[PDB]
């Protein structure tokens, strides 16, 4: 009943639910939680990536309605992908996995009424 802004935010909630769901778990799982640079022994990760982002953080912020509009939500989802492209070798499996998940994201986002 509140119009397009409310509807866009609800649609974004749904995109996020889909990205976190079992449907995409073959490629989305590296993006469920913040990169644990200590556990992964990535001693240069936080020197290269200045603004880490991941789907659990997007969920915390979206559920708290910290994104004022759909573009703000998209910016953080795309930051997550961009961090992966920036840090990792371009032929790495994890870059292909980020790309598979971004194909889903961009498709759903483009079809937001």
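Numbering follows the first chain given and starts at 1.
| task | Please work out which of 23-31 and 61-69 has the higher mean CA B-factor as recorded in the PDB entry. | result | 61-69 has the higher mean C-alpha B-factor.
| task | Determine, for stretches 2-10 and 104-112, which one has the higher mean CA B-factor as deposited. | result | Result: 2-10.
| query | Among 75, 39, 84, 55, which residue carries the highest C-alpha B-factor recorded in the PDB entry? | reply | Among 75, 39, 84, 55, the PDB entry lists the largest C-alpha B-factor for 39.
| query | Relative to the other modelled residues in the chain, which third contains the C-alpha temperature factor of residue 94: lowest, middle or highest? | reply | Within its chain, residue 94 is a highest-third residue by C-alpha B-factor, going by the deposited values.
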